[PDB]
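Student: My questions all concern the structure below.
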Amino acid sequence: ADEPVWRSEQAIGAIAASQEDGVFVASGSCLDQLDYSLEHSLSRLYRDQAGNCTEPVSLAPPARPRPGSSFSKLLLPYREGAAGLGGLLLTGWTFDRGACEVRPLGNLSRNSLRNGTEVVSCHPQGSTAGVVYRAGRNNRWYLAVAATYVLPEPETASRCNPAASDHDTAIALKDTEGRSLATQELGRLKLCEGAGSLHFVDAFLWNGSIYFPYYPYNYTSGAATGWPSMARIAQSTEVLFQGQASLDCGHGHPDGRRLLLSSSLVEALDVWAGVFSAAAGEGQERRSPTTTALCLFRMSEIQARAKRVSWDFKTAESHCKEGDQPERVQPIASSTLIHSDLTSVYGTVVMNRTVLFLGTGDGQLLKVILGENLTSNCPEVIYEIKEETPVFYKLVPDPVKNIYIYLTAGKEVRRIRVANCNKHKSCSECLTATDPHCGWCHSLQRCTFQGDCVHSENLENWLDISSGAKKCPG
Amino acid sequence: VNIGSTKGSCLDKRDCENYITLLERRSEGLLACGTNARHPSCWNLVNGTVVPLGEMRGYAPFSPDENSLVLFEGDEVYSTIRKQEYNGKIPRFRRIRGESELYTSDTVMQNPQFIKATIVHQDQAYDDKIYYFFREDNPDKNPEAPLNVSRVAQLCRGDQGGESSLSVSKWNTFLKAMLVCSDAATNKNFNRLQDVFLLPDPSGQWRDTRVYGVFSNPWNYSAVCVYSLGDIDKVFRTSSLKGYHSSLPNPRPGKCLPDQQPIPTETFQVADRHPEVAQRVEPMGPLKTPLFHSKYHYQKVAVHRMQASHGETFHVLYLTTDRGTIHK
Amino acid sequence: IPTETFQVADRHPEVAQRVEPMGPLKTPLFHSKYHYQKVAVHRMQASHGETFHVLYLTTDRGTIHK
Ligand SMILES: *[C@@H]1O[C@H](CO)[C@@H](O)[C@H](O)[C@H]1NC(C)=O
Ligand SMILES: *[C@@H]1O[C@H](CO)[C@@H](O)[C@H](O)[C@H]1NC(C)=O
Ligand SMILES: *[C@@H]1O[C@H](CO)[C@@H](O)[C@H](O)[C@H]1NC(C)=O
Ligand SMILES: *[C@@H]1O[C@H](CO)[C@@H](O)[C@H](O)[C@H]1NC(C)=O
Ligand SMILES: *[C@@H]1O[C@H](CO)[C@@H](O)[C@H](O)[C@H]1NC(C)=O
Ligand SMILES: *[C@@H]1O[C@H](CO)[C@@H](O)[C@H](O)[C@H]1NC(C)=O
Ligand SMILES: *[C@@H]1O[C@H](CO)[C@@H](O)[C@H](O)[C@H]1NC(C)=O
Ligand SMILES: *[C@@H]1O[C@H](CO)[C@@H](O)[C@H](O)[C@H]1NC(C)=O
Ligand SMILES: *[C@H]1O[C@H](CO)[C@@H](O)[C@H](O)[C@H]1NC(C)=O
C-alpha cells in the first residue's frame, strides 16, 4: 500500500521486472533501471537523442479500446538464473528500422553485445510482442517475435518497412547469439494477403509451444476486423505452424467484443486470461456497462481447437482462405466478468485459489478470487488512482516481494500491496472475505500476511482460509 | 557397383529405389548421391569401396523426375534441390556449403526451371560471380504474351548476406535478365531456352567466354544463339531496373563489395523489389541474330573449337534432336 | 468533343484491354501451316436444315480451301 510512486516526463511504453536487478521501464526514447522500491533511477539509457527523452514525434492516443503508440517495442530480460554468467536484456525500438539489441541485464550505461534491424515494428502504432526460449542441439537462446512490420508509409523519406520479400512476415525467429539476430529461411510465419493487418497483443510459452494472441485490425480505419485469435507455433529453431483459433468473449454484448486489450497466462493452471472489448465509438459515446469483459480460456481447448488451416497465415497444403474456417473457442462461462472499462489483467495462484488483478480506465485496481467452479466473485477494489488515469495493459508482479504488484498508468509506476488485510478487525470478519493473502493472527489480534505475523510452529498464530471462519476463537 | 536402397527398405513396396542423381569426383574420391527411398544421401567411392556419408539434403532430390541442379566450387556447394519434402512450392538457388547458408528470396523468380550454372572469375577475386540459366513464367500477362521466358541470373560469389535480421541469410546481389534469341531478317523468335554450353576463349579472357544457348518455340523449331560473359556482365552493371525510375542507390544492386561488407539495406530493398534489369541480353557481334535456326527440335548442345589440317579454326556444334539423333 | 476529353484521347489512343475471340476459350477456329491471305464466309443450311458456316480461304499458292 501507498505511494513509493515513480514519475516520468513521458508516457510509459513498457515495463519489465527483473529478478535480481531493478525494474525496467521505457518512457519516450529512454529506458530507466529503477530500484524495486521505485526510489532511485540507478541507470538510464538514451536511445535516440543524447540527452533528450522527449518524443521525437507526437503520438495522439486514440480511443481506449484502440491500441496506442510507443517507441519501445520489446523489453525482455532473460538468462537470469545462470550463476557465473550475468543476465541479459532485449530492448527493441522503432528506431533504426525496428532495431533490437542484446544488453547486459543491469547497468544501462554498458554497451550492447549484439543488435539487428527489422526485429520488431518500426511503426510507433504497430504491434510487437515477443518471447525468449531455448531450442536446438546447442540449446541456443531464441526470440520469437510477432509484429506489424508493414504499414502504409506516407512520408517518402522516413520509410522503414522491410524488403518486398519480407512484406508478408507475421512472426519471426531470431537467433540471439548470431549475426544481426538473424532469421533463417524457415524461421518465419507469413501473412495471408488481404487479411489486412494483424495486431499482436502478447506472446508466451505453453506445453512445448509458443502462442500469440492477436486480432485483425485496420490501423488507418482504427477498427477491428475479424475475431480475436491466437496463433500456435512449435518451440523450435524453425517455424512449425500448429494452428489458429478464434476466441469468443462477446457474451453480454450484441455485436461482441472484437478487441483484445490484455493477456495473461495463469502459470500453474493452464488457463489463459484476457480482457476483451467492443468499440466505444470513435470518441467515447458508445460506452456501456457491458463494453468490456474478462474471459478465461482453457489452454487445452485452445490447443485442441487450433487447426493448421490457412486463414490469416500461409501454409503449403492450402491456399489463403479457401479451406475450412478457424474454430471459435468458448471461455470458461463461470469465470466471465462483464464490466464497463477493464484495461489490464494478471493472474496466478496463491494457496490453490486463482487470483486475478484487473486494471480500469478509471484508474482502479480490482481483484477477483475464483471459487470452486472457477466462478467469478464480486471484484474488490485495492487501489484507486486519484487522477483516474487508465491502467497500462500490463500488470507486473514484484519478483522480490510476493505481497506487491507494480501498477502502471499514464506516466507513473506504483508499488501497490496485493491486499489490505488491515480493513478487517474481527477474526470471522476477515476469514470470510476469502483472501488467500489475508489470515488472522493469534498474536496481536489482527488480520495480516504470514510475514507480518510471527508464524511460529509451537503456537499456530496465523490462520488460513483453508479452514474458514469455523475455527476462530469465537 | 550396386549402391542399393539398403538404408531402410520400405514396407508396402512401390518406388523406394535409390536413384543415383549426382556423380562428382572430389579429392576424397568419387561422390555419388541418390534419392535413397526419399531420404537424400551420398556415398564415397574411393578404392573399390562404397563408404556412406549418410543423409545430405540438397545433394539429391526425393524423386528422380525432379528439376535438379548442384554446382561445386572449392569447398562450396550450391543447389536448387529442396532440403525437405514438406517444403513449399518455391524453388530456390541456395549455397548449401560454405561460410553461411544463403537462399534466394520469394520475389526473384516465378516457377523457375533451372538449366545450368557456372562460376565466373572476373578481374578481382571479390567480384567473382555465379551465373545460372533458367526458364520462368513471363511477368507480362497479356494474352498475346508467351507463357514462359528465358533468363540468366547473377549472384556475387562473395555475397555476405544482408544487414537486417530478415535479410542476413538471403542472397543480396541477385539480378536477372531476359535472354533474347530472335532472327533479324525475319521476325522469328525462339523464347524457350533448352540448354547452355560454355566455351572459354583461347585468350584466357573471361569477358571472351562464349555462352551457346539452344532455343525452341511453340512449334518446336530451334535456333542457336551465342553470347559473351562480357556482354552479360555489361548488362548487369549498366542497365536500369524494370519498374524503378529513380536514381539507383550508391552501392549499385548486384555489385559485389570489397572487404566482406554486407549489402546495405537501401541497396538490397531496391534489388529485392525490382530484380529484373530492363535491358535484354542479345547475341554477340553486330546483327544480334542466331548462328542459325531450323525446323528441327534441338534439346542439347556441345561445341568444339578445332583446327583444320591447314591450321584454320572452326567451331563445330553438336546438337541432339528429340528424335534421338545428333546433328553436326 | 470537349477539349479535356479530346486531349486524353489524343495522348492515349490505345485502350488497355485486348480484343479476344468470341465465346469461352478465346481461341482460333483453327490454325495450320498453310499461308492464308483472304477469307469469305457463307452461313448455309444443309439438306436437313442444319446450319453450317463454311470458310473459303486463299493460299499464297493460288489455291482455295473450303
Ligand atoms: C552505471 O555505470 C556508470 C559507468 O560505468 C557509472 O558511472 C554509474 O555509477 C553506474 N550506475 C550505478 C548507479 O551503479
Ligand atoms: C529535445 O528538447 C528540445 C528542447 O530542449 C526540443 O526542441 C526537441 O524537440 C526535443 N527532441 C525532440 C526531437 O522531440
Ligand atoms: C550493431 O551490431 C553490429 C555487429 O553486427 C555492430 O557492428 C554495430 O556497431 C552495432 N550498432 C550499434 C547499434 O551499436
Ligand atoms: C483500412 O482502412 C482504410 C481507411 O478507411 C481503407 O482505405 C482500407 O481499405 C482498409 N483496409 C482494408 C482493405 O480492410
Ligand atoms: C500438450 O501437447 C501434447 C501434444 O504434443 C498433447 O498430447 C497434450 O494433450 C497437451 N497437454 C494438454 C494439457 O493439452
Ligand atoms: C485446487 O483447486 C483446483 C481447482 O479449483 C482443483 O482442481 C484441485 O483439485 C484443488 N487441489 C486439491 C488437491 O484439492
Ligand atoms: C463445482 O462445484 C461443485 C460444488 O461445489 C462440485 O461438486 C463440482 O465438482 C465443481 N465442478 C468441478 C468439475 O470442479
Ligand atoms: C584409397 O587411396 C587413398 C590414396 O591413395 C588412400 O589414402 C586410402 O586409404 C585408400 N582407401 C583405402 C581405405 O584403402
Ligand atoms: C511454362 O512452360 C513450361 C515448359 O513448357 C511449363 O513447365 C510451365 O508450367 C509453364 N508455365 C505455366 C505456369 O503454365
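Here, residue 1 is simply the first one shown, and the rest follow in order.
The header says X-ray crystallography, 2.4 Å.
Note that Cβ sites are derived from N, Cα and C of the backbone, with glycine treated the same way.
Marked as disulfide bond by Swiss-Prot on the basis of experimental evidence: A:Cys30-A:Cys53, A:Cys122-A:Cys160, A:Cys192-A:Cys320, A:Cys249-A:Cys295, A:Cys421-A:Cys438, A:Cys427-A:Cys472, A:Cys430-A:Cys447, A:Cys441-A:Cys453. According to Swiss-Prot, the feature domain 'Sema' maps to A:1-418, an assignment based on sequence analysis. Annotation comment: Swiss-Prot describes A:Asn52, A:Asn107, A:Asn115, A:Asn207, A:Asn218, A:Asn352, A:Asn373 as N-linked glycosylation site, evidence class experimental evidence.
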Student: When a 10 Å sphere is centred on the Cβ of A:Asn52 (N-linked glycosylation site), how many other Cβ atoms does it contain?
Tutor: 12
Student: Take the C-alpha atoms of A:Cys447 (disulfide bond) and A:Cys441 (disulfide bond) and report the distance between them in angstrom, rounded.
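Tutor: About 6 Å separates the two Cα atoms.
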Student: How many Å separate the Cα atoms of A:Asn373 (N-linked glycosylation site) and A:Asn352 (N-linked glycosylation site)?
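Tutor: Cα to Cα, A:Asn373 (N-linked glycosylation site) and A:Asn352 (N-linked glycosylation site) are separated by 13 Å.
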Student: Suppose we screen the recorded positions A:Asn352, A:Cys430, A:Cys438 by Cβ distance to ligand 6 with a cut-off under 6 Å; which survive, in sequence order?
Tutor: A:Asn352
Student: Show me the subset of A:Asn107, A:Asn207, A:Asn218, A:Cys427 whose Cα is within 10 Å of A:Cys441 (disulfide bond); these are the recorded positions I mean.
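Tutor: The recorded positions close to A:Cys441 (disulfide bond) (Cα within 10 Å), listed in sequence order, are A:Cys427.
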Student: In sequence order, what residues of the same chain, 6+ apart, have a Cβ less than 8 Å from the Cβ of A:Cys430 (disulfide bond)?
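Tutor: Sequence-distant Cβ neighbours: A:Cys421, A:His424, A:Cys438, A:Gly439, A:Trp440, A:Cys447.
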Student: Measuring Cα to Cα, tell me the gap between A:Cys295 (disulfide bond) and A:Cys427 (disulfide bond) in whole angstrom.
Tutor: 33
Student: Just to verify: the residue among A:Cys249, A:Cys441 with the fewest other Cβ atoms within 10 Å, which of the disulfide-bonded residues is it?
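Tutor: Across A:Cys249, A:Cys441, these disulfide-bonded residues, the one with fewest Cβ atoms within 10 Å is A:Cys441.
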Student: Relative to the Cβ of A:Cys122 (disulfide bond), which residues of the same chain, six or more apart in sequence, are found under 8 Å away?
Tutor: A:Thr94, A:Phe95, A:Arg97, A:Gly98, A:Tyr149, A:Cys160, A:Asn161
Student: Looking at the disulfide-bonded residues A:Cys320, A:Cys438, A:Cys447, which one has the fewest other Cβ atoms within 10 Å of its own Cβ?
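Tutor: Selected from the disulfide-bonded residues A:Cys320, A:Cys438, A:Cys447 on minimum Cβ neighbours within 10 Å: A:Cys320.
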Student: Could you find out if DSSP has A:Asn352 (N-linked glycosylation site) as helix, strand or coil?
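Tutor: A:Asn352 (N-linked glycosylation site) sits in coil per DSSP, no helix or strand.
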Student: Looking at the recorded positions listed here (A:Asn115, A:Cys192, A:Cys249), whose Cα lies nearest to that of A:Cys472 (disulfide bond)?
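Tutor: Comparing Cα positions, the closest of these recorded positions turns out to be A:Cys249.
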Student: At the level of the C-alpha atoms, what whole-angstrom distance separates A:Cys249 (disulfide bond) and A:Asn52 (N-linked glycosylation site)?
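Tutor: A:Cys249 (disulfide bond) and A:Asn52 (N-linked glycosylation site) have their Cα atoms 42 Å apart.
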Student: Which of the recorded positions A:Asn207, A:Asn373, A:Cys447 have a Cβ less than 6 Å from any atom of ligand 5?
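Tutor: Near the molecule: A:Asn207.
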Student: Return only the integer: C-alpha distance in Å from A:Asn52 (N-linked glycosylation site) to A:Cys192 (disulfide bond).
Tutor: 40
Student: List the same-chain residues at least 6 positions away in sequence whose Cβ sits under 8 Å from the Cβ of A:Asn218 (N-linked glycosylation site), in sequence order, or say none.
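Tutor: Set apart from A:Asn218 (N-linked glycosylation site) by at least 6 residues yet with Cβ under 8 Å, we have A:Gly196, A:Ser197, A:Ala224, A:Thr225.
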Student: At the level of the C-alpha atoms, what whole-angstrom distance separates A:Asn115 (N-linked glycosylation site) and A:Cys30 (disulfide bond)?
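Tutor: About 17 Å separate the Cα atoms of these two residues.
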